[PDB]
């Protein structure tokens, strides 16, 4: 799984600044495929749930192009090579009202590198608000 959690949500449900931690991404040993393999363009990003359905907002930043990577394990290899973990920082949400159970910052896949991301979703196995085991 991919473990991330928000440690502070400053503001209101519809206008918030999140402080977050993406703490750990466990090895990918079950053969899960990259859900955006074969798209013309796909990014893995740090992004947040923007709607009640969990679709992506404006990403904090993009980590890598991944549309040529067939498996989720290959995506993990590229993310862990290019970013030291834990990934920590802030991002912002302005849009639909989200309660704490609807807030989440994590690793999204998406075709766009900036702007609201209706086709962006958390990568498979993303856990929001749950700490990893020691």
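Numbering follows the first chain given and starts at 1.
Trainee: Mean Cα B factor from the PDB record: higher for 28 to 36, or higher for 85 to 93?
Mentor: Averaging CA B-factors over each stretch, the winner is 28 to 36.
Trainee: Looking at the entry, does 75 to 83 or 41 to 49 show the higher mean C-alpha B-factor?
Mentor: Here the higher of the two C-alpha B-factor means belongs to 75 to 83.
Trainee: Residue 126's Cα B-factor: lowest, middle or highest third of the chain?
Mentor: CA B-factor rank for residue 126: middle third.
Trainee: Taking the C-alpha B-factors as the PDB entry records them, is residue 117 in the lowest, middle or highest third of its chain?
Mentor: Lowest third.
Trainee: Considering every modelled residue of the chain and its Cα B-factor in the PDB entry, is residue 13 in the lowest, middle or highest third?
Mentor: Answer is middle: the recorded C-alpha B-factor places it there.
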